[PDB]
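Neighbour counts are summed over all protein chains in view; Cβ atoms, including those assigned to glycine, are modelled from backbone coordinates with ideal geometry. Values quoted throughout were computed directly from the atomic coordinates according to the rules given, and no laboratory measurement underlies them.
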Amino acid sequence: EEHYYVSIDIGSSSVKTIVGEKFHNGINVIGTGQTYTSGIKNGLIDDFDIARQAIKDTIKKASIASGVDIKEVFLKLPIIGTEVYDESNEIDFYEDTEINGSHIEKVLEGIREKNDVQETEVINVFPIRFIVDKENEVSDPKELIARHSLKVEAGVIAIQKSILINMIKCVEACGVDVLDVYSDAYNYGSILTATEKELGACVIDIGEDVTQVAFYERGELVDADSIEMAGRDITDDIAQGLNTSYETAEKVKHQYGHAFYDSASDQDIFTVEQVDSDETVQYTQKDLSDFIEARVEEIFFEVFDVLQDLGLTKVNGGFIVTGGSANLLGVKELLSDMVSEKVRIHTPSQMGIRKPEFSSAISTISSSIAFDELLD
Ligand SMILES: Nc1ncnc2c1ncn2[C@@H]1O[C@H](COP(=O)(O)OP(=O)(O)OP(=O)(O)O)[C@@H](O)[C@H]1O
Ligand SMILES: [Mg+2]
């Protein structure tokens with residue numbers, strides 16, 4: 001009777017898998033898997049076989065770590081080729097009907113059916129509110145008696161069919177079933193406080209190839225997008241600036257990386273190899289932070305451009321930065337120097353996943369739980 005929730009994040013840098021348990025009104029992580037791969041680029045499958053093997057290896061790792069024979073999983077989908085919009089649907093009753101999870105599922109399904117865009121598929125439909133018998137608004141209609149109808153006013157996330165199909169295919173080629181998919185646009189709602197989600201908060205996830213942006217207000221997702229600029233570009237800038245290899249630039253980024261120049265130490269020194277020579281050059285943390293700060297600043301300017309385009313300039317709920325690149329020192333200080341609102345770095349609380357790169361994978365689990373609770 002043991003119930004586990006397994007999520008998979010097919011990242012450009014690494015595939016991440018989490019095995020979760022419902023505990024103390026939250027999630028207990030009993031196992032994780034992580035595999036760095038080259039099969040994924042810009043959040044999409046670049047080499048099917050390599051990606052497939054990476055996913056398989058990650059599922060194996062999580063299975064060994066948790067002691068669970070993983071057969072069914074929940075898959076996150078990146079905010080790429082994605083559209084967010086509002087839609088309503090209503091189902092009719094011709095006799096007094098006690099509402100249950102099946103009616104909710106039906107009325108939500110109708111919204112999936114309403115989409116007639118051939119290239120895209122609706123992946124998530126989440127209720128904003130319910131209306132019983134055209135007049136009575138409710139948060140949760142279950143166990144209420146409807147005499148005429150049940151309407152839902154919902155948020156909808158649709159994605160390019162090619163992405164959905166390919167990701168699911170790649171995962172299911174590893175001997176597991178994909179139970180459901182969850183867009184990160186929906187997922188990131190879980191890392192926010194009720195206050196943040198109410199006032200108007202912006203989530204910025206800086207990964208390797210992709211930076212994702214999602215805005216929430218009045219307790220619901222408003223809109224989302226992604227930018228093709230993240231950690232890899234920071235590394236590129238380091239490699240170019242220090243005239244070193246990409247590999248060395250990556251290691252240097254982890255070891256001495258700092259995103260705020262004024263706070264970076266010129267007394268903290270390190271040595272680096274050269275590409276066009278056999279000689280070695282010494283650099284300081286401040287020298288490095290010059291390039292790192294320039295790139296991260298550019299990323300945040302891209303984020304501001306997205307917010308301006310979406311008409312979401314007012315961010316009273318503040319900024320919440322996550323993802324692997326949020327591991328960099330000085331990120332919070334830089335963004336705080338760029339905005340008048342509150343800024344924080346989100347890191348999952350559970351032991352084993354206290355790294356910001358896991359934010360998506362854990363959130364996915366929450367998402368699934370939420371729907372489980374909704375369709376009761
Ligand atoms: N301690 C650290 N300091 C600086 N950067 C780091 C650190 N740890 C990881 N990173 C960077 O984070 C990035 C990977 O983050 P993450 O795992 O969130 O990306 P992903 O989800 O695999 O890729 P994407 O979301 O872009 O498809 C890499 O660019 C890596 O260099
Ligand atoms: Mg990611």
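Points to keep in mind about this one:
- Taken one residue at a time, the phi angles of segment 99-111 give Karplus couplings (6.51, -1.76, 1.60, θ = phi - 60°) of 5, 9, x, 5, 5, 5, 4, 5, 5, 6, 4, x, 5 Hz. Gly and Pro are set to x.
- Value at 222 nm in deg cm²/dmol, rounded to 500, when DSSP H runs of n ≥ 4 in the chain each add -39,500 (n - 2.57): -10500 deg cm²/dmol
- Near the amide H of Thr347, within less than 5 Å, lie no amide hydrogens of residues on another chain or at least 5 residues away, with H placed in the peptide plane.
- Segment 61-91 residues near the modelled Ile168 label - backbone nitrogen below 20 Å, point 7 Å along Cα→Cβ: 71-85
- With contacts taken as Cα pairs under 8 Å and at least 6 residues apart, the chain reaches a relative contact order of 17 percent.
- Each residue of the chain gets 153 Å³ once the volume of the Cα convex hull is shared out per residue.
- Contour excess over end-to-end distance, with Cα ends at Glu198 and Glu273 and 0.36 nm allotted per residue: 22.0 nm
- Simple spin-label estimate for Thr280 and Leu375 in nanometres, 7 Å along Cα-Cβ: 5.8
- The trypsin sites (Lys or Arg not before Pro) of segment 147-239 that DSSP puts in a loop, and whose beta carbon has at most 16 other beta carbons within 10 Å, are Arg147, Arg218.
- Using only alpha carbons, segment 192-351 has a radius of gyration to Kirkwood radius ratio (Rg to Rh) of 1.03.
- A DSSP coil position with no more than 14 other Cβ atoms inside 10 Å describes the following GluC sites (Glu not before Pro) in segment 80-171: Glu95, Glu119, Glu135, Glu143.
- Separation of alpha-carbon centers, segment 185-240 and segment 243-291, rounded to whole Å: 27
- For trypsin sites (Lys or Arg not before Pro), the sites in segment 298-346 that DSSP calls loop and that have at most 13 other Cβ atoms within 10 Å are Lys314.
- Under a 5 Å amide H cut-off, with hydrogens placed 1.01 Å from N, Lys142 pairs with nothing among residues at least 5 apart or on other chains.
- Per-pair calculated FRET efficiency, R0 = 22 Å: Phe301 and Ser340 via Cβ, rounded to 0.05: 0.90
- The slack in the chain from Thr313 to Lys134, taken as 0.36 nm per residue of separation less the alpha-carbon distance, amounts to 61.0 nm.
- Seen against the Cα atoms of the chain and their longest principal axis, helix 246-256 is set at about 80 degrees.
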